[PDB]
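Undergrad: Take a look at the following structure, please.
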Amino acid sequence: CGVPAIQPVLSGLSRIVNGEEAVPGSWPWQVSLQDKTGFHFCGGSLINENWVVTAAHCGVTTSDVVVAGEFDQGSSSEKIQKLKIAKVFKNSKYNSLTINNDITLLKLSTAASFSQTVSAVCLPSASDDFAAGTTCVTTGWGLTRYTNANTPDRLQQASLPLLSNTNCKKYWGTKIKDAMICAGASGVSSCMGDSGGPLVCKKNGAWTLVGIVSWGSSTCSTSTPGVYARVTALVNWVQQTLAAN
């Protein structure tokens, strides 16, 4: 888990504005959700070859499909895996107004073949403690929501820091709950992360999933932080589900 076959290269440009492109395959547990029509609509993480973490509010259903091993969303050459979901597990506690508890698992039909460019992230322990001020990374094709506005068909990356839930508050007041976690503000956007996209952190040589793109800056401001699923808080769940299925 969390030890890519292709170790990612992160420049400082990763630290400002709208981040920077990623080395292709640099982030393998990274997936995309496409609907029927095939609209890349959400982001996710392989925590295994049978399961996918994701943001609750992505309201994914078995109609959607998981895309894997992608890099540039505008490529047919891709040696990508398109996977079907068997069943879909939204955290029962998922609040829809606050968007607190924003998580949901995807247990696939067929199991995804891992690979160099295909694998999973590591999950924290509830116990884990990613101090505030930690440098993390968010990746995605969020900036692509810019249809006429854009950036890269290609996965971008960004390096932002962990926040105190308090300081975070200084930006979103109460929106911010105990199961959330914010990262950003450091003069670089976060809109590069799709929803359900990952916010991982290193430590002990591994990239561990720390949170999940919940929501952030209407305007992609570089002064506003991002909100994510406080994974630590959401992990037992995971585990539990993971067992019982």
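Undergrad: Could you give each residue of region 7-24 its phi-based ³J(HN,Hα) in whole Hz, using Karplus coefficients 6.51, -1.76, 1.60 with θ = phi - 60°, and x for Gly or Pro?
TA: Karplus values, whole Hz, x for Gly and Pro: 5, x, 9, 10, 7, x, 3, 4, 9, 9, 6, 10, x, 8, 3, 10, 5, x.
Undergrad: When only C-alpha pairs under 8 Å and at least 6 residues apart count, what is the relative contact order of the chain, in percent? Please list the in-between numbers first.
TA: On the way: 662 pairs, mean separation 56.1, N = 245.
Here the relative contact order equals 23 percent.
Undergrad: How would you rank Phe114, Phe39, going from fewest to most other Cβ atoms within 10 Å of each one's own Cβ?
TA: On the way: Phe114 18, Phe39 10.
Sorted ascending by nearby Cβ count, the order is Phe39, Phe114.
Undergrad: So how far apart, in nm, are the two label points at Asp129 and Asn245 if each is 7 Å from Cα heading toward Cβ?
TA: A separation of 3.3 nm, rounded to one decimal place.
Undergrad: Okay, next question. Report the gain in length on full extension from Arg154 to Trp172: 0.36 nm times residue separation, minus Cα-Cα distance, nm rounded to one decimal.
TA: Values: separation 18, 0.36 × 18 = 6.48 nm, distance 3.00 nm.
In short, 3.5 nm is gained.
Undergrad: How big is the chain in terms of Cα radius of gyration and Dmax, in angstroms?
TA: Considering the chain through its Cα atoms, Rg and Dmax are 16.1, 46 Å.
Undergrad: At what distance in nm do the modelled label points of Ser63 and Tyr94 sit from each other, each positioned 7 Å from its Cα along Cα→Cβ?
TA: Calculated label separation equals 1.5 nm.
Undergrad: Just want the ordering: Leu209, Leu143, from fewest to most Cβ atoms lying within 10 Å of their own Cβ.
TA: Values: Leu209 27, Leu143 21.
Result, fewest neighbours first: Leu143, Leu209.
Undergrad: Give the residue list of trypsin sites (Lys or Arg not before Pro) in region 89-138 that are DSSP loop and have at most 16 other beta-carbon atoms within 10 angstrom. Don't skip to the end; give the middle numbers.
TA: Values: sites: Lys90, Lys93, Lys107; in loops: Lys93.
Answer in residue order: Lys93.
Undergrad: Using modelled backbone amide H atoms (1.01 Å from N, in-plane), which distant-in-sequence or interchain residues come within less than 5 Å of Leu162's amide H?
TA: Answer set, sorted by chain and number: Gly133, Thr134, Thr135, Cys136.
Undergrad: Sticking with this structure for a sec: List every residue whose amide H lies under 5 Å from the amide H of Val210, counting only residues 5 or more places away in sequence or on a different chain, with H placed 1.01 Å from N in the peptide plane.
TA: Correct list: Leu199, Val200, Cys201.
Undergrad: What ranking of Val66, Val3, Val231 emerges when the number of other C-beta atoms within 10 Å of each C-beta is taken as an exposure proxy, fewest first?
TA: On the way: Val66 23, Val3 13, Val231 30.
Fewest to most other Cβ atoms nearby, the residues stand as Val3, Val66, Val231.
Undergrad: Okay, helix-only estimate at 222 nm for the chain: each DSSP H run of n ≥ 4 adds -39500 (n - 2.57), divide by all residues, round to 500 deg cm²/dmol; what do you get? Walk me through the numbers on the way to the answer.
TA: Numbers: 2 runs with 21 residues, N = 245.
-2500 deg cm²/dmol, from helical runs alone.
Undergrad: Another question, then. How much of the pair distance distribution for region 16-91 lies past 18 Å, counting alpha-carbon pairs only, in percent? Spell out each step's value before the answer.
TA: Working: 1132 of 2850 pairs.
When every Cα pair of region 16-91 is considered, 40 percent fall beyond 18 Å.
Undergrad: What does the charge count around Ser113 come to, taking other residues whose C-beta lies under 15 Å from its C-beta (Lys +1, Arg +1, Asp -1, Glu -1)?
TA: Details: positive: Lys79, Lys82, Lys84; negative: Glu49, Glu70, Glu78.
Summing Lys and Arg as +1 and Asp and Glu as -1 gives 0.
Undergrad: Right, here's the next one. Check which residues have an amide H placed less than 5 Å from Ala86's amide H, if you skip close sequence neighbours.
TA: Under 5 Å from the amide H of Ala86: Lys107, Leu108, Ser109.
Undergrad: For region 4-27 and region 59-92, what is the separation of their C-alpha centers, rounded to whole Å?
TA: About 22 Å separates the Cα centre of region 4-27 from the one of region 59-92.
Undergrad: Where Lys and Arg each count +1 and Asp and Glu each count -1, what net charge lies around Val65 among other residues with Cβ under 11 Å from its Cβ? Write down the numbers at each step before the final one.
TA: Details: positive: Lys36, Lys82, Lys84; negative: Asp35, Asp64.
Within the 11 Å Cβ shell, the charges total +1.
Undergrad: If you don't mind, another one. ³J(HN,Hα) across region 213-230 via Karplus (A = 6.51, B = -1.76, C = 1.60, θ = phi - 60°), whole Hz, x for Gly/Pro?
TA: Calculated HN-Hα couplings, in order: 2, 9, 6, x, 3, 3, 10, 6, 4, 7, 10, 8, x, x, 10, 9, 5, 5 Hz.
Undergrad: Let me ask you something else. To the nearest 0.05, how large is the calculated FRET efficiency for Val9 and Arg145 if R₀ is 35 Å and r is the Cβ-Cβ distance? Numbers along the way, then the final one.
TA: Working: r = 25 Å, r/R0 = 0.71.
The calculated FRET efficiency here is 0.90.
Undergrad: If you don't mind, another one. Residue by residue through region 157-167, what is 3J(HN,Hα) from phi via Karplus (6.51 cos²θ - 1.76 cosθ + 1.60, θ = phi - 60°)? Round to whole Hz and write x for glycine and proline.
TA: Once θ is set to phi - 60°, the couplings for region 157-167 become 9, 7, 10, 10, x, 4, 10, 6, 5, 5, 3 Hz.
Undergrad: Which net charge results for the neighbourhood of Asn95, defined as the other residues with beta-carbon distances under 10 angstrom from its beta-carbon, given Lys and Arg at +1 and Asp and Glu at -1? Please report the intermediate quantities before stating the final value.
TA: Values: positive: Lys93, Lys177; negative: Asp102.
That works out to +1.
Read-outs: derived from the displayed coordinates by stated rules, not from any lab. When we count neighbours, we look across all protein chains shown, and the Cβ atoms used for this are built from the backbone with ideal geometry, even at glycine.
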